[PDB]
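In structure tokens, the next block holds one chain alone, the form deposited in one PDB entry.
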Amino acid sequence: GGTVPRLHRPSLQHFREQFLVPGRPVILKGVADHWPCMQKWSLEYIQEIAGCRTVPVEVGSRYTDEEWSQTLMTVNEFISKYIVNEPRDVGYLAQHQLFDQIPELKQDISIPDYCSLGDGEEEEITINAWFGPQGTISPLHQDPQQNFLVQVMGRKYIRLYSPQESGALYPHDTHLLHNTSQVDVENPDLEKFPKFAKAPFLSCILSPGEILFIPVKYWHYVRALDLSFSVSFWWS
């Protein structure tokens, strides 16, 4: 398919009518460009301010893997073990409300103005950290709210598939995993998942300073291309 459209600081109104109401993904430029975190977040800064804090870490290349597990460690431990010193295994600090834990970090980001278009309240917006090495994969899944994914460090390759295309995504039947596809997007078993081939999609390479809008229930897959650090805002 095609690329996600990029737009330089679209107005509330036009963001609302063109993307939010109809549920169309878009990359917003010029918005997160000047937030303090783009200039200062780096390994040394992360260690200095968060080094000693305990954090959940996912070990294993993909969360749908049989051998995937979850563990806890300090930030310094995570960086030395899964990022810096030739990691034996894949470690991802994922989906963690790090700003709740380290409130000094929260001044480096801002809640995007477009969040105010939803009929929910500011403080109920969930802000998650996503930090890991090159090569981390988040398998094809859907979320229950709107999402603003801001890229601070590195790049990410992302594939988006519409919620209307769900039939072709072969979601798990378990209930726990109903929001996760059974397909490995980048090397799909087309003998087992033949409908996946036809399903149209959008893709992009999200880069630092860019905000991707992922509409509620829109399926998304993410693979970090470099040492990456993203911030997601879930809102309604």
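Think of the rigid core as the biggest set of C-alphas that the two forms share within 1.5 Å after superposition. Just count from 1 along the sequence shown to find any residue number.
Keep in mind that the form deposited in another entry is not shown, yet the notes after this line are about it.
K.L.:
Can you spot, among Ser207, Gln47, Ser61, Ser203, the one with a CA shift of 2 Å or more between the shown form and the other one after core superposition?
P.N.:
Shifted by 2 Å or more: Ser61 only.
K.L.:
Quick one: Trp219 and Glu67 C-alpha atoms, closer or farther in that other deposited form compared with this form (3 angstroms or more)?
P.N.:
Compared with the form shown here, the C-alpha atoms of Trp219 and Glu67 sit closer together in that other deposited form, by 3 Å or more.
K.L.:
Shorter or longer C-alpha distance for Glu67 and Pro144 in that other deposited form, given it differs from this form by 3 Å or more?
P.N.:
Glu67 and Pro144 sit closer together in that other deposited form.
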